[PDB]
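Working notes, structure below.
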Amino acid sequence: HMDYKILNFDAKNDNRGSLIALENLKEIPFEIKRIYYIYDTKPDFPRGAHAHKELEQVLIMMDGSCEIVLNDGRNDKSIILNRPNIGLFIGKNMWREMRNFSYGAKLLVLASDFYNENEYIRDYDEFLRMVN
Amino acid sequence: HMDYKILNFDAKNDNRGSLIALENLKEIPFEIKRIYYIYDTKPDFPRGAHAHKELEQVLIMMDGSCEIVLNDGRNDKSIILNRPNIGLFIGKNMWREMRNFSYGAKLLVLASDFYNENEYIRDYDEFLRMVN
Amino acid sequence: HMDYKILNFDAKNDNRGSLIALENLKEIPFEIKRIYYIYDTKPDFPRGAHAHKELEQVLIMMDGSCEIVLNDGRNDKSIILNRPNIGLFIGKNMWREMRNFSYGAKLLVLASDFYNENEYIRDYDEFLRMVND
Amino acid sequence: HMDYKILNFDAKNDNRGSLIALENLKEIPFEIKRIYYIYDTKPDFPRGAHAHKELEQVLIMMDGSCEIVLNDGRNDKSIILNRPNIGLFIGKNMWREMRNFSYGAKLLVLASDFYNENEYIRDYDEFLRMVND
Ligand SMILES: Cc1cn([C@H]2C[C@H](O)[C@@H](COP(=O)(O)OP(=O)(O)O)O2)c(=O)[nH]c1=O
Ligand SMILES: Cc1cn([C@H]2C[C@H](O)[C@@H](COP(=O)(O)OP(=O)(O)O)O2)c(=O)[nH]c1=O
Ligand SMILES: Cc1cn([C@H]2C[C@H](O)[C@@H](COP(=O)(O)OP(=O)(O)O)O2)c(=O)[nH]c1=O
Ligand SMILES: Cc1cn([C@H]2C[C@H](O)[C@@H](COP(=O)(O)OP(=O)(O)O)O2)c(=O)[nH]c1=O
Ligand SMILES: C[N+](C)(C)C
Ligand SMILES: C[N+](C)(C)C
């Protein structure tokens with residue numbers, strides 16, 4: 001019982017393709033203040049390796065695949081994201097890395113707040129002191 | 001001088017790839033209430049063919065290409081979206097269609113409000129009466 | 001009539017996706033000796049700008065779109081490739097460019113012979129001289 | 001030692017992107033008679049589940065990732081393909097599956113011979129009987 005959740009999204013499917021709509025405090029359990037997206041990824045060059053005190057996130061794999069590795073201080077879960085109709089809710093005080101990006105994989109992140117470099121914990125031991 | 005704008009985004013480029021961050025009332029000229037994204041597109045099956053009174057939008061081509069065709073009531077502009085570091089701001093009282101989607105092209109839309117089927121103008125003549 | 005053909009491919013479609021199969025002297029009207037693919041393309045960085053007296057090619061956009069521009073010494077013909085089930089045969093004495101690549105668009109090329117840098121014409125003026133002998 | 005090889009390809013990289021070239025009896029250790037590509041793949045809809053006495057293949061993920069599962073009648077070997085500059089040679093008397101496709105992932109296959117549905121083994125039990133003669 002870690003603070004993440006798999007979100008299965010409802011798509012409007014038709015001849016012209018698929019559409020997924022995600023709204024503030026409905027499919028998204030917070031108000032979107034920011035989105036960012038990561039592209040030109042490579043499988044040998046992983047990303048993240050950080051935690052956040054207050055910031056909450058929803059991760060959608062727009063293109064390709066990756067392994068999200070989550071850690072709350074004790075046991076740690078590997079979640080593979082590889083389709084656009086699934087999102088990963090990442091709660092508070094959660095260490096995450098993203099590895100094994102398929103070449104050119106495109107990740108989309110929906111953020112509960114504006115970018116704040118100070119509130120990044122980029123040191124795993126510092127994270128563990130903060131958890132305990 | 002129609003109510004659209006090309007947005008050239010700043011990317012943090014490094015070994016692990018590219019990251020673009022877009023924030024409420026900074027890179028985005030409104031507060032995000034909703035995002036939706038369109039995938040499994042086809043070049044022979046176009047989309048949109050509608051206008052909106054109040055709703056404002058930012059369009060980002062996450063994958064592949066398409067032609068956005070804009071119309072405000074008089075002259076009409078074709079804008080080709082084909083890279084993730086460019087967004088298209090679509091203002092108020094603007095008719096748009098999206099055609100010539102590359103097979104499997106992925107469009108991302110950032111919306112200034114919650115989904116409201118009533119405020120869709122899906123009739124071009126109705127749109128023109130409303131403009132004049 | 002310029003020496004190119006649009007090839008419409010038959011796909012085997014099920015709930016697991018689509019398969020296209022291309023064989024020597026059947027859907028491909030030559031013997032594949034080499035294939036090449038291009039990726040990490042950019043809308044603002046076009047490619048091609050060469051011609052070949054002998055080499056026949058078949059072009060397939062596996063991902064995204066680009067604009068193939070074909071010239072046999074008269075006017076440019078643009079052919080948009082934006083789906084994987086269409087191919088473009090390009091015959092002999094054909095100058096070609098490929099521009100307006102969607103970002104990260106991928107092109108597959110089935111070629112009729114082994115790579116010879118010597119047999120490349122990479123100058124348009126050289127190509128017109130060659131076509132006006 | 002199972003009859004597969006990981007192929008590392010040399011790419012020509014410039015500011016216009018990357019090109020990989022694959023030739024008969026050079027980077028590909030057979031003569032290409034046919035190529036096929038698969039697209040509109042789904043993580044939950046795996047493909048393959050067949051073997052071939054004669055047909056040699058080279059697999060390349062041009063877009064996205066999948067898990068190739070290889071079996072010559074002993075234990076499964078998983079090989080992840082997730083970049084376009086790696087290929088997977090699959091020799092004779094090899095059962096293969098391809099699963100955990102990223103959504104819309106695209107696979108290119110260079111094949112040593114023309115398509116023969118007759119020469120396909122699409123039953124695993126049939127494959128073990130064949131490998132235990
Ligand atoms: C998330 C984010 C990052 N950045 C900057 C911080 C770094 O200099 C750079 C890369 O971010 P970084 O934290 O290293 O990325 P990841 O989570 O993929 O490991 O981008 C912003 O400017 N704004 C943002 O909203
Ligand atoms: C934009 C949007 C559409 N939809 C529905 C409306 C339609 O039934 C379906 C397709 O939308 P539609 O307006 O036809 O799409 P497009 O702008 O690409 O032409 O999705 C939602 O449920 N929520 C949304 O936020
Ligand atoms: C087509 C091809 C190119 N190359 C090399 C030649 C160049 O140095 C490099 C780029 O090829 P180039 O002709 O510049 O590519 P394009 O037709 O896409 O513009 O790749 C090979 O080594 N083998 C081949 O079969
Ligand atoms: C490989 C191949 C398949 N096909 C047909 C056979 C089947 O009806 C269909 C799907 O092939 P199948 O063997 O089911 O594909 P996979 O190996 O990806 O599981 O395509 C051809 O017609 N030619 C070919 O060269
Ligand atoms: C607790 N969780 C299983 C929903 C992540
Ligand atoms: C008016 N506009 C040129 C900025 C669209």
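Going through the structure tokens in order, the chains are called A, B, and so on, while each chain numbers its residues from 1 and the ligands are numbered from 1 in the order shown.
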Least-squares superpose chain A on chain B across all ordered C-alpha pairs, then write out what you get as a short mmCIF file (atom, residue, chain, number, x, y, z; two decimals) with N, CA and C atoms, in the first residue's frame.
data_model
loop_
_atom_site.label_atom_id
_atom_site.label_comp_id
_atom_site.auth_asym_id
_atom_site.auth_seq_id
_atom_site.Cartn_x
_atom_site.Cartn_y
_atom_site.Cartn_z
N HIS A 1 -3.88 39.17 -39.11
CA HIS A 1 -3.91 39.28 -37.61
C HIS A 1 -5.14 38.52 -37.04
N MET A 2 -5.18 37.19 -37.23
CA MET A 2 -6.17 36.24 -36.62
C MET A 2 -5.71 35.88 -35.19
N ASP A 3 -6.64 35.39 -34.36
CA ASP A 3 -6.38 35.01 -32.94
C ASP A 3 -5.87 33.56 -32.88
N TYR A 4 -4.65 33.36 -33.38
CA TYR A 4 -3.76 32.20 -33.10
C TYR A 4 -2.35 32.74 -32.84
N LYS A 5 -1.46 31.91 -32.29
CA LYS A 5 -0.02 32.25 -32.15
C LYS A 5 0.82 30.97 -32.20
N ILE A 6 1.92 31.00 -32.94
CA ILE A 6 2.97 29.95 -32.90
C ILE A 6 3.79 30.17 -31.63
N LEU A 7 3.87 29.15 -30.78
CA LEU A 7 4.69 29.15 -29.54
C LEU A 7 5.94 28.29 -29.77
N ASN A 8 7.13 28.89 -29.82
CA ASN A 8 8.43 28.16 -29.85
C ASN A 8 8.85 27.89 -28.40
N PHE A 9 8.91 26.63 -27.98
CA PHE A 9 9.17 26.28 -26.56
C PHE A 9 10.68 26.12 -26.33
N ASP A 10 11.12 26.47 -25.12
CA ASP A 10 12.50 26.23 -24.62
C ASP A 10 12.58 24.81 -24.06
N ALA A 11 13.57 24.05 -24.54
CA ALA A 11 13.86 22.67 -24.11
C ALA A 11 15.15 22.66 -23.28
N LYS A 12 15.14 21.94 -22.16
CA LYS A 12 16.37 21.49 -21.45
C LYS A 12 16.87 20.21 -22.14
N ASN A 13 17.89 20.37 -22.99
CA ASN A 13 18.54 19.28 -23.77
C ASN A 13 19.73 18.73 -22.99
N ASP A 14 19.89 17.41 -22.94
CA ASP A 14 21.09 16.77 -22.33
C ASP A 14 21.27 15.36 -22.92
N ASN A 15 22.13 14.53 -22.33
CA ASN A 15 22.47 13.16 -22.82
C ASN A 15 21.23 12.27 -22.81
N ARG A 16 20.38 12.47 -21.80
CA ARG A 16 19.18 11.64 -21.49
C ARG A 16 18.00 12.12 -22.33
N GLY A 17 18.19 13.15 -23.17
CA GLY A 17 17.20 13.63 -24.14
C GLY A 17 16.75 15.06 -23.87
N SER A 18 15.48 15.36 -24.17
CA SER A 18 14.88 16.72 -24.12
C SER A 18 13.70 16.74 -23.15
N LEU A 19 13.50 17.88 -22.49
CA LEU A 19 12.38 18.14 -21.56
C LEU A 19 11.84 19.54 -21.85
N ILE A 20 10.52 19.65 -22.02
CA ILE A 20 9.77 20.93 -22.20
C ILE A 20 8.79 21.03 -21.04
N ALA A 21 8.82 22.15 -20.33
CA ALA A 21 7.93 22.45 -19.19
C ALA A 21 7.05 23.63 -19.60
N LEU A 22 5.73 23.48 -19.45
CA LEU A 22 4.67 24.46 -19.80
C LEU A 22 3.80 24.70 -18.56
N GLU A 23 3.70 25.96 -18.12
CA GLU A 23 3.05 26.33 -16.83
C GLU A 23 1.85 27.28 -17.07
N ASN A 24 0.84 27.16 -16.21
CA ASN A 24 -0.35 28.05 -16.11
C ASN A 24 0.09 29.52 -16.20
N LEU A 25 -0.47 30.26 -17.16
CA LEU A 25 -0.31 31.72 -17.37
C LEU A 25 1.16 32.13 -17.53
N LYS A 26 2.03 31.23 -18.00
CA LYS A 26 3.44 31.58 -18.37
C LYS A 26 3.68 31.16 -19.82
N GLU A 27 4.07 29.91 -20.11
CA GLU A 27 4.21 29.48 -21.54
C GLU A 27 2.80 29.32 -22.14
N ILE A 28 1.85 28.91 -21.31
CA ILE A 28 0.40 28.78 -21.63
C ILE A 28 -0.31 30.06 -21.22
N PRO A 29 -1.01 30.76 -22.15
CA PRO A 29 -1.66 32.04 -21.84
C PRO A 29 -3.02 31.90 -21.13
N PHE A 30 -3.20 30.83 -20.35
CA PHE A 30 -4.43 30.55 -19.57
C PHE A 30 -4.09 29.51 -18.52
N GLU A 31 -5.03 29.20 -17.62
CA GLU A 31 -4.90 28.10 -16.65
C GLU A 31 -5.47 26.81 -17.25
N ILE A 32 -4.66 25.75 -17.25
CA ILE A 32 -5.06 24.39 -17.71
C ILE A 32 -6.12 23.85 -16.75
N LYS A 33 -7.31 23.58 -17.27
CA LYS A 33 -8.39 22.89 -16.53
C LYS A 33 -8.48 21.46 -17.03
N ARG A 34 -8.00 21.24 -18.24
CA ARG A 34 -8.12 19.91 -18.90
C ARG A 34 -7.03 19.79 -19.98
N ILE A 35 -6.58 18.56 -20.17
CA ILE A 35 -5.80 18.13 -21.35
C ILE A 35 -6.57 16.98 -21.95
N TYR A 36 -6.55 16.89 -23.27
CA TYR A 36 -6.90 15.65 -23.98
C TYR A 36 -5.88 15.45 -25.09
N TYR A 37 -5.79 14.23 -25.58
CA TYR A 37 -4.82 13.85 -26.64
C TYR A 37 -5.47 12.83 -27.56
N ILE A 38 -5.11 12.93 -28.83
CA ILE A 38 -5.75 12.19 -29.94
C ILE A 38 -4.66 11.29 -30.51
N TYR A 39 -4.88 9.98 -30.60
CA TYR A 39 -3.91 9.06 -31.24
C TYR A 39 -4.64 8.09 -32.17
N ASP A 40 -3.92 7.15 -32.77
CA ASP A 40 -4.45 6.20 -33.78
C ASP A 40 -5.18 7.02 -34.85
N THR A 41 -4.53 8.08 -35.32
CA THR A 41 -5.06 8.97 -36.38
C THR A 41 -4.78 8.30 -37.73
N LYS A 42 -5.45 8.76 -38.79
CA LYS A 42 -5.18 8.33 -40.20
C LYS A 42 -5.31 9.54 -41.13
N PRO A 43 -4.50 9.59 -42.22
CA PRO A 43 -4.47 10.74 -43.11
C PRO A 43 -5.77 10.97 -43.89
N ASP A 44 -6.55 9.92 -44.12
CA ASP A 44 -7.81 10.03 -44.89
C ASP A 44 -9.00 10.34 -43.96
N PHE A 45 -8.84 10.28 -42.63
CA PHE A 45 -9.94 10.48 -41.63
C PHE A 45 -9.71 11.72 -40.77
N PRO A 46 -9.95 12.94 -41.32
CA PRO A 46 -9.76 14.19 -40.59
C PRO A 46 -10.67 14.41 -39.36
N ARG A 47 -10.34 15.43 -38.56
CA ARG A 47 -10.92 15.68 -37.22
C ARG A 47 -11.20 17.17 -37.04
N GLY A 48 -11.74 17.54 -35.87
CA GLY A 48 -12.27 18.89 -35.61
C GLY A 48 -13.48 19.16 -36.48
N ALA A 49 -13.50 20.29 -37.17
CA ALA A 49 -14.70 20.83 -37.86
C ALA A 49 -15.64 21.35 -36.77
N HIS A 50 -15.17 22.36 -36.05
CA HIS A 50 -15.93 23.00 -34.94
C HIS A 50 -15.27 24.32 -34.54
N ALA A 51 -16.02 25.13 -33.80
CA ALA A 51 -15.56 26.40 -33.21
C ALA A 51 -16.00 26.44 -31.74
N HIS A 52 -15.45 27.40 -30.99
CA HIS A 52 -15.75 27.61 -29.56
C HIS A 52 -15.77 29.11 -29.28
N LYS A 53 -16.76 29.52 -28.48
CA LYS A 53 -17.02 30.93 -28.12
C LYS A 53 -15.93 31.36 -27.14
N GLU A 54 -15.84 30.68 -25.99
CA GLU A 54 -14.99 31.12 -24.85
C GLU A 54 -13.70 30.28 -24.76
N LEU A 55 -13.76 28.97 -25.03
CA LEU A 55 -12.63 28.02 -24.83
C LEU A 55 -11.42 28.40 -25.71
N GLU A 56 -10.25 28.49 -25.06
CA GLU A 56 -8.91 28.72 -25.66
C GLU A 56 -8.07 27.44 -25.49
N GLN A 57 -7.12 27.21 -26.38
CA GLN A 57 -6.46 25.90 -26.55
C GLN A 57 -4.98 26.11 -26.89
N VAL A 58 -4.13 25.19 -26.47
CA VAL A 58 -2.75 25.07 -27.03
C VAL A 58 -2.58 23.65 -27.55
N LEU A 59 -2.24 23.54 -28.84
CA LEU A 59 -2.02 22.27 -29.59
C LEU A 59 -0.51 22.00 -29.75
N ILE A 60 -0.09 20.82 -29.31
CA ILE A 60 1.29 20.28 -29.45
C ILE A 60 1.20 18.93 -30.16
N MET A 61 1.90 18.81 -31.29
CA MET A 61 2.12 17.53 -32.00
C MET A 61 3.19 16.71 -31.27
N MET A 62 2.76 15.78 -30.40
CA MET A 62 3.66 14.87 -29.65
C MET A 62 4.33 13.88 -30.61
N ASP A 63 3.64 13.41 -31.64
CA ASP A 63 4.18 12.42 -32.59
C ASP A 63 3.55 12.61 -33.97
N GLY A 64 4.37 12.60 -35.01
CA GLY A 64 3.90 12.72 -36.39
C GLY A 64 3.56 14.16 -36.70
N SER A 65 2.73 14.35 -37.71
CA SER A 65 2.43 15.67 -38.32
C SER A 65 0.93 15.77 -38.57
N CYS A 66 0.45 17.00 -38.67
CA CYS A 66 -0.88 17.30 -39.25
C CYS A 66 -0.92 18.77 -39.65
N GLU A 67 -1.88 19.07 -40.52
CA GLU A 67 -2.29 20.41 -40.97
C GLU A 67 -3.47 20.85 -40.11
N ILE A 68 -3.27 21.89 -39.30
CA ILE A 68 -4.37 22.64 -38.63
C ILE A 68 -4.84 23.68 -39.62
N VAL A 69 -6.13 23.66 -39.97
CA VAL A 69 -6.77 24.68 -40.85
C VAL A 69 -7.68 25.51 -39.94
N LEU A 70 -7.34 26.79 -39.79
CA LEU A 70 -8.02 27.79 -38.93
C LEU A 70 -8.88 28.70 -39.81
N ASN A 71 -9.98 29.20 -39.27
CA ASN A 71 -10.93 30.12 -39.95
C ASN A 71 -11.61 30.96 -38.86
N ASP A 72 -11.61 32.28 -39.02
CA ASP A 72 -12.25 33.23 -38.06
C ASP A 72 -13.53 33.86 -38.64
N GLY A 73 -13.89 33.50 -39.88
CA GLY A 73 -15.08 34.03 -40.57
C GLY A 73 -14.74 34.58 -41.94
N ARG A 74 -13.51 35.08 -42.12
CA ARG A 74 -13.04 35.68 -43.40
C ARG A 74 -11.91 34.79 -43.94
N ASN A 75 -10.67 35.30 -44.05
CA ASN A 75 -9.53 34.54 -44.63
C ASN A 75 -9.12 33.45 -43.62
N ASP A 76 -8.49 32.38 -44.12
CA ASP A 76 -8.20 31.14 -43.34
C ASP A 76 -6.75 30.70 -43.57
N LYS A 77 -6.07 30.30 -42.48
CA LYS A 77 -4.63 29.95 -42.45
C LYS A 77 -4.46 28.45 -42.22
N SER A 78 -3.62 27.82 -43.04
CA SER A 78 -3.11 26.45 -42.84
C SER A 78 -1.80 26.49 -42.05
N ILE A 79 -1.77 25.87 -40.86
CA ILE A 79 -0.56 25.71 -40.01
C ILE A 79 -0.23 24.22 -39.92
N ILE A 80 0.95 23.85 -40.38
CA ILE A 80 1.49 22.46 -40.26
C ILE A 80 2.26 22.31 -38.93
N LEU A 81 1.75 21.45 -38.04
CA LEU A 81 2.40 21.00 -36.78
C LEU A 81 3.11 19.66 -37.01
N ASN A 82 4.41 19.57 -36.72
CA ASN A 82 5.18 18.32 -36.99
C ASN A 82 6.38 18.10 -36.05
N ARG A 83 6.52 18.85 -34.96
CA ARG A 83 7.61 18.66 -33.96
C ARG A 83 7.08 18.99 -32.57
N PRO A 84 7.53 18.29 -31.51
CA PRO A 84 7.04 18.58 -30.16
C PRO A 84 7.48 19.89 -29.48
N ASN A 85 8.42 20.66 -30.06
CA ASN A 85 8.96 21.90 -29.42
C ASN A 85 8.19 23.13 -29.91
N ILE A 86 7.15 22.93 -30.72
CA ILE A 86 6.24 24.00 -31.20
C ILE A 86 4.81 23.68 -30.73
N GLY A 87 4.12 24.70 -30.21
CA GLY A 87 2.69 24.69 -29.86
C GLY A 87 1.92 25.71 -30.69
N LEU A 88 0.61 25.50 -30.86
CA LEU A 88 -0.27 26.43 -31.61
C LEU A 88 -1.35 26.90 -30.66
N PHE A 89 -1.34 28.18 -30.34
CA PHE A 89 -2.39 28.81 -29.50
C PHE A 89 -3.57 29.09 -30.41
N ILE A 90 -4.73 28.56 -30.05
CA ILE A 90 -5.99 28.82 -30.78
C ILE A 90 -6.91 29.57 -29.84
N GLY A 91 -7.19 30.83 -30.18
CA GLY A 91 -8.05 31.73 -29.40
C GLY A 91 -9.54 31.46 -29.57
N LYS A 92 -10.33 32.48 -29.25
CA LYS A 92 -11.81 32.42 -29.18
C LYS A 92 -12.42 32.62 -30.57
N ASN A 93 -13.62 32.06 -30.75
CA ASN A 93 -14.46 32.26 -31.96
C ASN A 93 -13.64 31.88 -33.20
N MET A 94 -12.95 30.74 -33.12
CA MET A 94 -12.03 30.21 -34.16
C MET A 94 -12.52 28.83 -34.62
N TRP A 95 -12.83 28.70 -35.90
CA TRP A 95 -13.14 27.39 -36.53
C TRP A 95 -11.80 26.72 -36.84
N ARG A 96 -11.68 25.43 -36.54
CA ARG A 96 -10.44 24.68 -36.83
C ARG A 96 -10.83 23.30 -37.34
N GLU A 97 -10.09 22.78 -38.31
CA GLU A 97 -10.04 21.32 -38.54
C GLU A 97 -8.59 20.87 -38.54
N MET A 98 -8.40 19.58 -38.32
CA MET A 98 -7.07 18.94 -38.34
C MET A 98 -7.12 17.85 -39.40
N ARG A 99 -6.34 18.01 -40.46
CA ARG A 99 -6.33 16.99 -41.53
C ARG A 99 -4.90 16.55 -41.81
N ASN A 100 -4.78 15.49 -42.60
CA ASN A 100 -3.48 14.99 -43.09
C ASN A 100 -2.65 14.57 -41.89
N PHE A 101 -3.28 14.02 -40.85
CA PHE A 101 -2.60 13.28 -39.75
C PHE A 101 -1.75 12.19 -40.41
N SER A 102 -0.46 12.16 -40.09
CA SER A 102 0.44 11.03 -40.42
C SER A 102 -0.07 9.80 -39.65
N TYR A 103 0.08 8.61 -40.21
CA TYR A 103 -0.54 7.38 -39.65
C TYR A 103 -0.03 7.22 -38.21
N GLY A 104 -0.94 7.30 -37.25
CA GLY A 104 -0.63 7.05 -35.83
C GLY A 104 -0.16 8.31 -35.13
N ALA A 105 -0.38 9.48 -35.74
CA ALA A 105 0.10 10.78 -35.22
C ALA A 105 -0.59 11.07 -33.89
N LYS A 106 0.12 11.69 -32.96
CA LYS A 106 -0.41 11.88 -31.59
C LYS A 106 -0.47 13.37 -31.31
N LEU A 107 -1.68 13.92 -31.17
CA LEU A 107 -1.89 15.35 -30.87
C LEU A 107 -2.23 15.49 -29.39
N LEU A 108 -1.68 16.53 -28.75
CA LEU A 108 -1.93 16.87 -27.33
C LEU A 108 -2.57 18.25 -27.31
N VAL A 109 -3.69 18.38 -26.59
CA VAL A 109 -4.41 19.69 -26.50
C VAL A 109 -4.53 20.06 -25.03
N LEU A 110 -4.16 21.29 -24.72
CA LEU A 110 -4.25 21.92 -23.38
C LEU A 110 -5.42 22.90 -23.45
N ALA A 111 -6.40 22.76 -22.56
CA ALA A 111 -7.70 23.47 -22.65
C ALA A 111 -7.91 24.40 -21.45
N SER A 112 -8.44 25.60 -21.72
CA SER A 112 -8.68 26.66 -20.72
C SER A 112 -9.95 26.38 -19.90
N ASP A 113 -10.63 25.25 -20.10
CA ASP A 113 -11.88 24.98 -19.37
C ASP A 113 -12.26 23.50 -19.51
N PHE A 114 -13.21 23.08 -18.67
CA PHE A 114 -13.76 21.71 -18.61
C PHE A 114 -14.59 21.48 -19.87
N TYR A 115 -14.74 20.22 -20.29
CA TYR A 115 -15.46 19.80 -21.52
C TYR A 115 -16.93 20.23 -21.42
N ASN A 116 -17.44 20.88 -22.47
CA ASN A 116 -18.79 21.49 -22.51
C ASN A 116 -19.37 21.32 -23.93
N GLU A 117 -20.01 20.18 -24.21
CA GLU A 117 -20.55 19.82 -25.55
C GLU A 117 -21.53 20.89 -26.06
N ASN A 118 -22.21 21.61 -25.16
CA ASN A 118 -23.18 22.66 -25.54
C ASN A 118 -22.46 23.80 -26.28
N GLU A 119 -21.23 24.14 -25.89
CA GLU A 119 -20.51 25.36 -26.38
C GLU A 119 -19.69 25.05 -27.65
N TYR A 120 -19.79 23.81 -28.14
CA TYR A 120 -19.35 23.37 -29.50
C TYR A 120 -20.33 23.90 -30.56
N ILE A 121 -19.76 24.56 -31.56
CA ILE A 121 -20.43 24.96 -32.82
C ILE A 121 -19.94 24.00 -33.89
N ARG A 122 -20.69 22.94 -34.18
CA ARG A 122 -20.27 21.90 -35.16
C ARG A 122 -20.93 22.16 -36.52
N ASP A 123 -21.51 23.35 -36.75
CA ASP A 123 -22.18 23.77 -38.02
C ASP A 123 -21.48 25.04 -38.53
N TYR A 124 -20.86 24.99 -39.72
CA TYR A 124 -20.02 26.11 -40.22
C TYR A 124 -20.89 27.36 -40.41
N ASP A 125 -22.11 27.21 -40.94
CA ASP A 125 -23.02 28.36 -41.23
C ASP A 125 -23.44 29.01 -39.91
N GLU A 126 -23.85 28.20 -38.93
CA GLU A 126 -24.13 28.65 -37.54
C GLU A 126 -22.94 29.46 -37.02
N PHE A 127 -21.70 29.01 -37.28
CA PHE A 127 -20.46 29.71 -36.86
C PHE A 127 -20.46 31.11 -37.49
N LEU A 128 -20.73 31.19 -38.80
CA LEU A 128 -20.66 32.44 -39.60
C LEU A 128 -21.72 33.45 -39.15
N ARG A 129 -22.93 32.97 -38.81
CA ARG A 129 -24.04 33.80 -38.25
C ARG A 129 -23.54 34.42 -36.93
N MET A 130 -22.90 33.59 -36.10
CA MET A 130 -22.35 33.96 -34.77
C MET A 130 -21.20 34.97 -34.92
N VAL A 131 -20.39 34.88 -35.98
CA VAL A 131 -19.27 35.83 -36.25
C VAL A 131 -19.84 37.21 -36.65
N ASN A 132 -20.94 37.25 -37.41
CA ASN A 132 -21.56 38.48 -37.99
C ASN A 132 -22.94 38.72 -37.36
#
- Task: Write out as an NGL selection string all residues of chain D that DSSP puts in helix (DSSP H, G or I) for this structure's backbone.
- Result: :D and (117-119 or 124-131)
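Among the candidates C:26, C:99, C:77, C:16, the residue lying nearest to ligand 3 is C:99 (atoms considered: only C-alpha atoms and all ligand atoms).
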Run DSSP on the backbone and grab whatever in region 5-98 of chain D lands in strand (DSSP E or B); send it over as number ranges by chain.
D: 5-8, 11-14, 17-24, 28, 34-39, 47-52, 57-63, 66-71, 77-81, 86-90, 95-98
*asked:* What residues of the protein or nucleic acid chains come within 8 Å of ligand 3 when you use only C-alpha atoms and all ligand atoms? Reply as a list in words.
replied: residues 34, 35, 36, 38, 46, 47, 48, 49, 50, 97, 98, 114, 115, 116 and 117 of chain C; 11, 12, 13, 14, 18, 19, 20, 21, 22 and 23 of chain D
Could you please take those selected residues and save C-alpha atoms as a compact mmCIF listing (two decimals), in the first residue's frame?
# COMPACT_ATOMS: atom_id res chain seq x y z
CA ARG C 34 20.45 -3.97 -49.49
CA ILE C 35 17.97 -2.16 -47.20
CA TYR C 36 18.60 1.07 -45.24
CA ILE C 38 16.79 6.70 -41.52
CA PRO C 46 16.13 17.65 -45.33
CA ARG C 47 17.98 14.64 -46.85
CA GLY C 48 18.62 13.10 -50.28
CA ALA C 49 19.73 15.47 -53.06
CA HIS C 50 21.29 12.71 -55.25
CA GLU C 97 15.07 14.84 -52.03
CA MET C 98 13.08 14.08 -48.84
CA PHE C 114 25.06 -2.88 -53.03
CA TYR C 115 26.07 0.66 -51.89
CA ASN C 116 28.47 2.37 -54.34
CA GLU C 117 29.40 5.97 -53.27
CA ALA D 11 24.98 4.15 -37.98
CA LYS D 12 26.05 7.18 -40.14
CA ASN D 13 25.07 10.06 -37.76
CA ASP D 14 24.86 13.76 -38.80
CA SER D 18 20.97 8.48 -38.45
CA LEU D 19 21.25 5.98 -41.34
CA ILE D 20 21.82 2.22 -40.95
CA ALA D 21 22.58 0.21 -44.15
CA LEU D 22 22.19 -3.63 -44.17
CA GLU D 23 23.51 -5.64 -47.19
task: When you get a sec, could you note down which chain C residues fall within 12 Å of chain A, using only C-alpha atoms, as a PyMOL selection string?
output: chain C and resi 39-42+63+103-106
Take the residues from that selection and put them in a file with C-alpha atoms, as a compact mmCIF listing (two decimals), in the first residue's frame.
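Generated file (selection.txt):
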# COMPACT_ATOMS: atom_id res chain seq x y z
CA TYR C 39 15.65 7.92 -38.06
CA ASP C 40 16.13 10.97 -35.73
CA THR C 41 14.87 13.14 -38.65
CA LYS C 42 14.01 16.88 -38.21
CA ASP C 63 6.80 6.22 -38.90
CA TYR C 103 10.20 14.89 -35.90
CA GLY C 104 11.73 11.40 -35.41
CA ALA C 105 10.09 10.14 -38.69
CA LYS C 106 11.59 6.85 -40.00
D:107, D:80, D:59, D:69: which is nearest chain C, counting only C-alpha atoms?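 Smallest distance to chain C is found for D:107.
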Query raised in the report: For ligand 4, which residue among D:86, D:32, D:111, D:62 is the nearest when counting only C-alpha atoms and all ligand atoms?
Result: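 Among the listed residues, D:111 lies closest to ligand 4.
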Check your understanding: For the atom pair CA of residue 78 (chain C) and CA of residue 92 (chain C), what is the interatomic distance in Å to one decimal place?
Key ->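 We find that CA of residue 78 (chain C) and CA of residue 92 (chain C) lie 17.4 Å from each other.
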CA of residue 37 (chain C) to CA of residue 102 (chain D), straight-line distance in Å
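Between these atoms lies a distance of 20.2 Å.
Between CA of residue 112 (chain D) and CA of residue 125 (chain D) the separation is 25.1 Å.
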